[PDB]
Amino acid sequence: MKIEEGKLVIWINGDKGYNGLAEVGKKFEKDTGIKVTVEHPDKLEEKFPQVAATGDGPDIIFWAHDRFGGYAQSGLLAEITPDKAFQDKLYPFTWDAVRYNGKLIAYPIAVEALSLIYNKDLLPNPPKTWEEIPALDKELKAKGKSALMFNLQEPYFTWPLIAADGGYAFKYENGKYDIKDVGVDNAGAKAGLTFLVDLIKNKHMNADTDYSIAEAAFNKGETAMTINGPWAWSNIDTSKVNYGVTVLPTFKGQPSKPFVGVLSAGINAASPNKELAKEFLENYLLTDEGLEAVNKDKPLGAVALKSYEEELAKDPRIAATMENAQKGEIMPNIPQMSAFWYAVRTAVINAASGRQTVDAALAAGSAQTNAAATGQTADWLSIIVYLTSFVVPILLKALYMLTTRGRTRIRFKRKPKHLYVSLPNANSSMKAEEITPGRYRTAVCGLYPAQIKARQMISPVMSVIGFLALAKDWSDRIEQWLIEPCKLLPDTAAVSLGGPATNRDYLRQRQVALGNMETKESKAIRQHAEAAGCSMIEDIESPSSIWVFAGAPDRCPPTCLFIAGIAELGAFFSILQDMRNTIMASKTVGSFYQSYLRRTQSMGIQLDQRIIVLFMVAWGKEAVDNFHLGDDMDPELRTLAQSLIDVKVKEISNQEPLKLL
Ligand SMILES: OC[C@H]1O[C@H](O[C@H]2[C@H](O)[C@@H](O)[C@@H](O[C@H]3[C@H](O)[C@@H](O)[C@@H](O[C@H]4[C@H](O)[C@@H](O)[C@@H](O)O[C@@H]4CO)O[C@@H]3CO)O[C@@H]2CO)[C@H](O)[C@@H](O)[C@@H]1O
């Protein structure tokens, strides 16, 4: 019933052999004294992330592997660490389905694919091709029957036709899926779907048809054929029916291409029974003895366990199932898959009912598939508020951790709390509130510049470009910069009291512009920061105006963007990074600026690159001369060197050995 550090709660879909699985639980209770309660709620897969985080989900979730990539990125799933020996008991390709970013996120149980099921008494010559189905329907309809009924409400069942002439979710190439290359709106997808919609319009199928009616219809002897998976076989046997299982029909001479699912078992990251769950699955469920009990309720299909699979292989129906799988494609596990299914589902319904044209349906689906695929930009107001909540020292400490070569979510830590920095995988799509390590350096720096000054936090990216020499003499350096005459521009009759123009006049002219471009979004950020104790900058001549860049943010922080002339300051250091990297490459006998530039524009600014020029002419050589090009001693040298000395200094004469210098 309830998650407790003893008890186990398991969730599995209601179309699977949950009763047989419950039998395994009873066996588990007998040997170890641990009750196993099996439930099969509707829509378990949507609710789970909602309960997973609130202490109320199951310890173990069973589903096909496609949802699990999404679960793992959110950190909802416990890491799997089976013996090397154990991996070898199950087929390797099954691990691939449940492999994400090199990490195991669930145990595979069984491989499921759709097949064509036909009544051998009614239809001893099943069709080879889809396109013959229509001619076949007229004769049978004349005898009170139909050709084919299946669930149009789930895109899984229609996808094989849609995939038949070339449709794909995401293109697989060079070992991975291209999340921006979606094939739902290609020539192939439009052809395949059109064929199905006409079957309906010609009253061969009814758009208003789901899983339960059709099984019954087939089972009642009303329809010659159905499309379903191995789980359906149990109820058909009960209905007293002679059926066959064969390859799906072809379409346009191309094989039908079902999406193949691997039934998988994930462990809830918040479960207090992680050790128990692992013990349960490998030693009880994932056994010859265990799987038969499940299989005896409703067949699982082609199981992952080699020892058991050798037995199943004798069933001719599974041979056909695996035939369809090899002609099709293994489902992705990527997070965007759910977005994909939702899109195709609406598209099938909308098209099937004639509420929209096919072109539009699949076109809209295309848009929606990339909706999740495209990279959202940050809502800093939501990031700042999340960072400001945490105490100030905890945050500062985290920055020093990002730069120690740590290596999905990295965790930072009379009430306990947990800070989470989310690393971006190449597959996952940027969220509007996803705090990346880069965005993290950005927010904190813009919030706590003066507090960074106290700790003197210069990263190994800024330390090398001589950031200290500019920092200490900053206050005196910057005023020289301001008092200096900006000859080139503006036209010199504009000062407030030297006869010549000054650079200060430029930053002024600039601030007016920024004051106009100052977005309500930015203002909102600036004020919320102050109230949280995050006192901020207001001018370039501030004690901590330059300490905003000490942490090496990827962007000009959002709390300083419209305070001239910081926005252009950024490129100054960013270029220096490009300068060194090209100096070193030159030294040998044989991009940062561009990136930084791109990111600021993402915030809606046009960098007055002239200000950058000015910053150079003043602090060019100074910053360049004091670069740290040369390398230094190796840790082995230093440690080994000092030790040898110590000995000799311990021997003659026993005096404190002073270090190497
Ligand atoms: O849109 C409203 C509907 O949303 C919910 O269904 C969604 C799921 O949340 C998605 O995960 C996805 O479902 C896929 C599923 O991921 C995939 O594994 C496959 O499911 C098979 C399953 O592998 C197989 O073992 C067997 O159980 O049949 C399933 C198919 O019925 O295919 C699903 C897509 O068809 O997309 C659906 C929506 O399409 C919610 O559960 C629904 O109740 C709701 O109506």
# chains A, B, ... in the order shown; residues from 1 in each chain; ligands from 1
>>> residues_around(residues="residue 568 (chain A)", least_positions_apart="3", cutoff="7 Å", atoms="only C-alpha atoms", output="JSON, numbers by chain")
{"A": [565, 571, 607, 608, 609, 611, 612]}
>>> residues_near_ligand(ligand="ligand 1", cutoff="10 Å", atoms="only C-alpha atoms and all ligand atoms", output="PDB file with N, CA and C atoms, in the first residue's frame")
ATOM      1  N   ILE A  12       2.486  -1.240 -12.651  1.00  0.00           N
ATOM      2  CA  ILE A  12       2.582  -1.827 -13.984  1.00  0.00           C
ATOM      3  C   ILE A  12       1.274  -1.569 -14.725  1.00  0.00           C
ATOM      4  N   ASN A  13       1.351  -1.444 -16.047  1.00  0.00           N
ATOM      5  CA  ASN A  13       0.169  -1.145 -16.850  1.00  0.00           C
ATOM      6  C   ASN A  13      -0.854  -2.277 -16.820  1.00  0.00           C
ATOM      7  N   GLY A  14      -2.126  -1.908 -16.938  1.00  0.00           N
ATOM      8  CA  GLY A  14      -3.219  -2.856 -16.829  1.00  0.00           C
ATOM      9  C   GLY A  14      -3.392  -3.818 -17.989  1.00  0.00           C
ATOM     10  N   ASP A  15      -2.702  -3.564 -19.097  1.00  0.00           N
ATOM     11  CA  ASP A  15      -2.688  -4.508 -20.214  1.00  0.00           C
ATOM     12  C   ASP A  15      -1.630  -5.601 -20.069  1.00  0.00           C
ATOM     13  N   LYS A  16      -0.807  -5.510 -19.030  1.00  0.00           N
ATOM     14  CA  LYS A  16       0.246  -6.496 -18.809  1.00  0.00           C
ATOM     15  C   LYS A  16      -0.173  -7.521 -17.758  1.00  0.00           C
ATOM     16  N   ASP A  42      -4.723   3.562 -13.891  1.00  0.00           N
ATOM     17  CA  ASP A  42      -4.759   4.271 -15.166  1.00  0.00           C
ATOM     18  C   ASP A  42      -3.804   5.465 -15.179  1.00  0.00           C
ATOM     19  N   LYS A  43      -3.224   5.730 -16.344  1.00  0.00           N
ATOM     20  CA  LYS A  43      -2.411   6.924 -16.572  1.00  0.00           C
ATOM     21  C   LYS A  43      -1.254   7.034 -15.581  1.00  0.00           C
ATOM     22  N   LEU A  44      -0.710   5.890 -15.180  1.00  0.00           N
ATOM     23  CA  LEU A  44       0.325   5.851 -14.155  1.00  0.00           C
ATOM     24  C   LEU A  44       1.560   6.651 -14.580  1.00  0.00           C
ATOM     25  N   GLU A  45       1.836   6.637 -15.881  1.00  0.00           N
ATOM     26  CA  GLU A  45       3.024   7.277 -16.454  1.00  0.00           C
ATOM     27  C   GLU A  45       3.000   8.813 -16.458  1.00  0.00           C
ATOM     28  N   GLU A  46       1.817   9.423 -16.473  1.00  0.00           N
ATOM     29  CA  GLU A  46       1.722  10.887 -16.386  1.00  0.00           C
ATOM     30  C   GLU A  46       1.756  11.408 -14.942  1.00  0.00           C
ATOM     31  N   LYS A  47       1.088  10.693 -14.045  1.00  0.00           N
ATOM     32  CA  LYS A  47       0.983  11.049 -12.623  1.00  0.00           C
ATOM     33  C   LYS A  47       2.338  10.881 -11.916  1.00  0.00           C
ATOM     34  N   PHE A  62       7.192  -0.127 -13.843  1.00  0.00           N
ATOM     35  CA  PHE A  62       7.374  -0.861 -15.090  1.00  0.00           C
ATOM     36  C   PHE A  62       6.732  -0.101 -16.244  1.00  0.00           C
ATOM     37  N   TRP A  63       7.493   0.059 -17.321  1.00  0.00           N
ATOM     38  CA  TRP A  63       6.980   0.600 -18.575  1.00  0.00           C
ATOM     39  C   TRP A  63       7.956   0.288 -19.702  1.00  0.00           C
ATOM     40  N   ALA A  64       7.520   0.478 -20.942  1.00  0.00           N
ATOM     41  CA  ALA A  64       8.446   0.462 -22.066  1.00  0.00           C
ATOM     42  C   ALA A  64       9.495   1.551 -21.864  1.00  0.00           C
ATOM     43  N   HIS A  65      10.658   1.350 -22.470  1.00  0.00           N
ATOM     44  CA  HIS A  65      11.824   2.187 -22.216  1.00  0.00           C
ATOM     45  C   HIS A  65      11.715   3.645 -22.648  1.00  0.00           C
ATOM     46  N   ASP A  66      10.778   3.957 -23.534  1.00  0.00           N
ATOM     47  CA  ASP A  66      10.693   5.323 -24.041  1.00  0.00           C
ATOM     48  C   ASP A  66      10.421   6.454 -23.044  1.00  0.00           C
ATOM     49  N   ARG A  67       9.678   6.199 -21.975  1.00  0.00           N
ATOM     50  CA  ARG A  67       9.429   7.264 -21.006  1.00  0.00           C
ATOM     51  C   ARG A  67      10.627   7.505 -20.090  1.00  0.00           C
ATOM     52  N   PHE A  68      11.540   6.539 -20.037  1.00  0.00           N
ATOM     53  CA  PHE A  68      12.517   6.475 -18.954  1.00  0.00           C
ATOM     54  C   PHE A  68      13.675   7.439 -19.163  1.00  0.00           C
ATOM     55  N   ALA A 110      11.427  -7.566 -21.308  1.00  0.00           N
ATOM     56  CA  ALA A 110      10.920  -8.212 -22.513  1.00  0.00           C
ATOM     57  C   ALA A 110      10.743  -7.235 -23.673  1.00  0.00           C
ATOM     58  N   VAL A 111      10.866  -7.779 -24.880  1.00  0.00           N
ATOM     59  CA  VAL A 111      10.766  -7.021 -26.121  1.00  0.00           C
ATOM     60  C   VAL A 111       9.393  -7.224 -26.751  1.00  0.00           C
ATOM     61  N   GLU A 112       8.697  -6.118 -26.992  1.00  0.00           N
ATOM     62  CA  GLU A 112       7.342  -6.147 -27.529  1.00  0.00           C
ATOM     63  C   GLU A 112       7.289  -5.495 -28.906  1.00  0.00           C
ATOM     64  N   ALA A 113       6.667  -6.196 -29.851  1.00  0.00           N
ATOM     65  CA  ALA A 113       6.335  -5.626 -31.152  1.00  0.00           C
ATOM     66  C   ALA A 113       4.938  -6.069 -31.582  1.00  0.00           C
ATOM     67  N   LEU A 114       4.237  -5.189 -32.291  1.00  0.00           N
ATOM     68  CA  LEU A 114       2.977  -5.541 -32.942  1.00  0.00           C
ATOM     69  C   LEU A 114       3.135  -6.533 -34.091  1.00  0.00           C
ATOM     70  N   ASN A 151      -7.117  -0.259 -32.496  1.00  0.00           N
ATOM     71  CA  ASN A 151      -7.136   1.012 -31.775  1.00  0.00           C
ATOM     72  C   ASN A 151      -6.424   2.147 -32.516  1.00  0.00           C
ATOM     73  N   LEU A 152      -7.230   3.009 -33.127  1.00  0.00           N
ATOM     74  CA  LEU A 152      -6.773   4.227 -33.795  1.00  0.00           C
ATOM     75  C   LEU A 152      -6.488   5.354 -32.808  1.00  0.00           C
ATOM     76  N   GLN A 153      -6.850   5.157 -31.543  1.00  0.00           N
ATOM     77  CA  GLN A 153      -6.743   6.222 -30.552  1.00  0.00           C
ATOM     78  C   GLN A 153      -5.349   6.269 -29.943  1.00  0.00           C
ATOM     79  N   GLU A 154      -4.556   5.231 -30.182  1.00  0.00           N
ATOM     80  CA  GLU A 154      -3.172   5.229 -29.733  1.00  0.00           C
ATOM     81  C   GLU A 154      -2.291   5.152 -30.980  1.00  0.00           C
ATOM     82  N   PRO A 155      -1.391   6.132 -31.168  1.00  0.00           N
ATOM     83  CA  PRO A 155      -0.598   6.180 -32.404  1.00  0.00           C
ATOM     84  C   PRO A 155       0.341   4.993 -32.600  1.00  0.00           C
ATOM     85  N   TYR A 156       0.672   4.298 -31.517  1.00  0.00           N
ATOM     86  CA  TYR A 156       1.451   3.068 -31.605  1.00  0.00           C
ATOM     87  C   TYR A 156       0.911   2.117 -32.672  1.00  0.00           C
ATOM     88  N   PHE A 157      -0.410   1.997 -32.745  1.00  0.00           N
ATOM     89  CA  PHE A 157      -1.034   0.992 -33.600  1.00  0.00           C
ATOM     90  C   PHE A 157      -1.110   1.447 -35.057  1.00  0.00           C
ATOM     91  N   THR A 158      -1.113   2.761 -35.265  1.00  0.00           N
ATOM     92  CA  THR A 158      -1.155   3.329 -36.610  1.00  0.00           C
ATOM     93  C   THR A 158       0.226   3.687 -37.150  1.00  0.00           C
ATOM     94  N   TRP A 159       1.171   3.933 -36.248  1.00  0.00           N
ATOM     95  CA  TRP A 159       2.542   4.250 -36.635  1.00  0.00           C
ATOM     96  C   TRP A 159       3.166   3.278 -37.641  1.00  0.00           C
ATOM     97  N   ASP A 210     -11.670   1.839 -30.280  1.00  0.00           N
ATOM     98  CA  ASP A 210     -10.562   1.693 -29.345  1.00  0.00           C
ATOM     99  C   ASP A 210     -10.220   0.223 -29.106  1.00  0.00           C
ATOM    100  N   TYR A 211      -9.295  -0.003 -28.180  1.00  0.00           N
ATOM    101  CA  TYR A 211      -8.783  -1.335 -27.865  1.00  0.00           C
ATOM    102  C   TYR A 211      -9.801  -2.381 -27.396  1.00  0.00           C
ATOM    103  N   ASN A 228      -2.336  -6.134 -32.919  1.00  0.00           N
ATOM    104  CA  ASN A 228      -2.151  -6.152 -31.472  1.00  0.00           C
ATOM    105  C   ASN A 228      -0.831  -6.816 -31.103  1.00  0.00           C
ATOM    106  N   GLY A 229      -0.456  -6.695 -29.833  1.00  0.00           N
ATOM    107  CA  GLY A 229       0.791  -7.249 -29.342  1.00  0.00           C
ATOM    108  C   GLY A 229       0.585  -8.537 -28.571  1.00  0.00           C
ATOM    109  N   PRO A 230       1.681  -9.130 -28.074  1.00  0.00           N
ATOM    110  CA  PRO A 230       1.619 -10.461 -27.458  1.00  0.00           C
ATOM    111  C   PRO A 230       0.711 -10.526 -26.232  1.00  0.00           C
ATOM    112  N   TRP A 231       0.596  -9.414 -25.514  1.00  0.00           N
ATOM    113  CA  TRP A 231      -0.245  -9.342 -24.323  1.00  0.00           C
ATOM    114  C   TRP A 231      -1.703  -9.721 -24.601  1.00  0.00           C
ATOM    115  N   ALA A 232      -2.142  -9.530 -25.841  1.00  0.00           N
ATOM    116  CA  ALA A 232      -3.536  -9.759 -26.213  1.00  0.00           C
ATOM    117  C   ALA A 232      -3.880 -11.242 -26.369  1.00  0.00           C
ATOM    118  N   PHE A 259       7.130   0.275 -34.372  1.00  0.00           N
ATOM    119  CA  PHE A 259       8.025   0.671 -33.290  1.00  0.00           C
ATOM    120  C   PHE A 259       8.089  -0.392 -32.199  1.00  0.00           C
ATOM    121  N   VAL A 260       9.308  -0.831 -31.900  1.00  0.00           N
ATOM    122  CA  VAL A 260       9.534  -1.952 -31.000  1.00  0.00           C
ATOM    123  C   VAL A 260       9.818  -1.438 -29.596  1.00  0.00           C
ATOM    124  N   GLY A 261       9.067  -1.936 -28.619  1.00  0.00           N
ATOM    125  CA  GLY A 261       9.263  -1.535 -27.240  1.00  0.00           C
ATOM    126  C   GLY A 261       9.950  -2.618 -26.433  1.00  0.00           C
ATOM    127  N   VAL A 262      10.810  -2.191 -25.515  1.00  0.00           N
ATOM    128  CA  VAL A 262      11.412  -3.077 -24.529  1.00  0.00           C
ATOM    129  C   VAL A 262      10.781  -2.785 -23.175  1.00  0.00           C
ATOM    130  N   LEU A 263       9.944  -3.701 -22.699  1.00  0.00           N
ATOM    131  CA  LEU A 263       9.398  -3.590 -21.354  1.00  0.00           C
ATOM    132  C   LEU A 263      10.532  -3.538 -20.337  1.00  0.00           C
ATOM    133  N   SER A 264      10.497  -2.504 -19.504  1.00  0.00           N
ATOM    134  CA  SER A 264      11.603  -2.167 -18.618  1.00  0.00           C
ATOM    135  C   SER A 264      11.089  -1.864 -17.214  1.00  0.00           C
ATOM    136  N   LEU A 300       4.373 -12.106 -22.215  1.00  0.00           N
ATOM    137  CA  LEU A 300       5.225 -10.919 -22.208  1.00  0.00           C
ATOM    138  C   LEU A 300       5.788 -10.597 -23.592  1.00  0.00           C
ATOM    139  N   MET A 331      12.327   1.701 -30.524  1.00  0.00           N
ATOM    140  CA  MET A 331      11.885   3.023 -30.124  1.00  0.00           C
ATOM    141  C   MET A 331      13.098   3.765 -29.572  1.00  0.00           C
ATOM    142  N   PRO A 332      13.185   5.085 -29.812  1.00  0.00           N
ATOM    143  CA  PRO A 332      14.045   5.947 -28.995  1.00  0.00           C
ATOM    144  C   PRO A 332      13.664   5.931 -27.526  1.00  0.00           C
ATOM    145  N   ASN A 333      14.603   6.281 -26.655  1.00  0.00           N
ATOM    146  CA  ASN A 333      14.274   6.522 -25.259  1.00  0.00           C
ATOM    147  C   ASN A 333      14.354   8.004 -24.907  1.00  0.00           C
ATOM    148  N   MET A 337      10.366  12.040 -26.955  1.00  0.00           N
ATOM    149  CA  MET A 337       9.465  11.026 -27.480  1.00  0.00           C
ATOM    150  C   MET A 337       8.024  11.236 -27.028  1.00  0.00           C
ATOM    151  N   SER A 338       7.834  11.646 -25.779  1.00  0.00           N
ATOM    152  CA  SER A 338       6.485  11.819 -25.262  1.00  0.00           C
ATOM    153  C   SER A 338       5.815  12.948 -26.034  1.00  0.00           C
ATOM    154  N   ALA A 339       6.576  14.004 -26.304  1.00  0.00           N
ATOM    155  CA  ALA A 339       6.079  15.140 -27.070  1.00  0.00           C
ATOM    156  C   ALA A 339       5.640  14.646 -28.446  1.00  0.00           C
ATOM    157  N   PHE A 340       6.454  13.757 -29.007  1.00  0.00           N
ATOM    158  CA  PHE A 340       6.183  13.123 -30.294  1.00  0.00           C
ATOM    159  C   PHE A 340       4.853  12.370 -30.290  1.00  0.00           C
ATOM    160  N   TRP A 341       4.643  11.522 -29.290  1.00  0.00           N
ATOM    161  CA  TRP A 341       3.437  10.698 -29.232  1.00  0.00           C
ATOM    162  C   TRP A 341       2.190  11.566 -29.081  1.00  0.00           C
ATOM    163  N   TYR A 342       2.258  12.570 -28.212  1.00  0.00           N
ATOM    164  CA  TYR A 342       1.123  13.462 -27.997  1.00  0.00           C
ATOM    165  C   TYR A 342       0.732  14.111 -29.322  1.00  0.00           C
ATOM    166  N   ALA A 343       1.736  14.513 -30.093  1.00  0.00           N
ATOM    167  CA  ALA A 343       1.513  15.194 -31.364  1.00  0.00           C
ATOM    168  C   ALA A 343       0.846  14.270 -32.382  1.00  0.00           C
ATOM    169  N   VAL A 344       1.375  13.061 -32.534  1.00  0.00           N
ATOM    170  CA  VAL A 344       0.818  12.112 -33.493  1.00  0.00           C
ATOM    171  C   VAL A 344      -0.592  11.675 -33.094  1.00  0.00           C
ATOM    172  N   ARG A 345      -0.834  11.513 -31.795  1.00  0.00           N
ATOM    173  CA  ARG A 345      -2.159  11.130 -31.306  1.00  0.00           C
ATOM    174  C   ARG A 345      -3.251  12.105 -31.752  1.00  0.00           C
ATOM    175  N   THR A 346      -3.023  13.393 -31.521  1.00  0.00           N
ATOM    176  CA  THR A 346      -3.972  14.432 -31.917  1.00  0.00           C
ATOM    177  C   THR A 346      -4.134  14.402 -33.436  1.00  0.00           C
ATOM    178  N   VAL A 348      -3.698  11.911 -35.530  1.00  0.00           N
ATOM    179  CA  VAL A 348      -4.414  10.735 -36.011  1.00  0.00           C
ATOM    180  C   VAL A 348      -5.899  10.998 -35.805  1.00  0.00           C
TER     181      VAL A 348
END
>>> residues_around(residues="region 511-517 of chain A", least_positions_apart="2", cutoff="8 Å", atoms="only C-alpha atoms", output="MDAnalysis selection string")
chainID A and resid 507:509 519 562:565
>>> residues_around(residues="residue 123 (chain A)", least_positions_apart="4", cutoff="7 Å", atoms="only C-alpha atoms", output="list in words")
residues 118, 119 and 224 of chain A
>>> closest_residue(among="A:478, A:286, A:534, A:247", to="residue 319 (chain A)", atoms="only C-alpha atoms")
A:247
>>> residues_around(residues="residue 38 (chain A)", least_positions_apart="4", cutoff="7 Å", atoms="only C-alpha atoms", output="list in words")
residues 9, 10, 11, 18 and 22 of chain A
>>> residues_around(residues="residue 135 (chain A)", least_positions_apart="4", cutoff="12 Å", atoms="only C-alpha atoms", output="list in words")
residues 127, 129, 130, 131, 139, 140, 141, 142, 146, 147, 199, 202 and 204 of chain A
>>> residues_around(residues="region 658-660 of chain A", least_positions_apart="3", cutoff="8 Å", atoms="only C-alpha atoms", output="MDAnalysis selection string")
chainID A and resid 638 641:642
>>> closest_residue(among="A:185, A:625, A:433, A:96", to="residue 364 (chain A)", atoms="only C-alpha atoms")
A:185
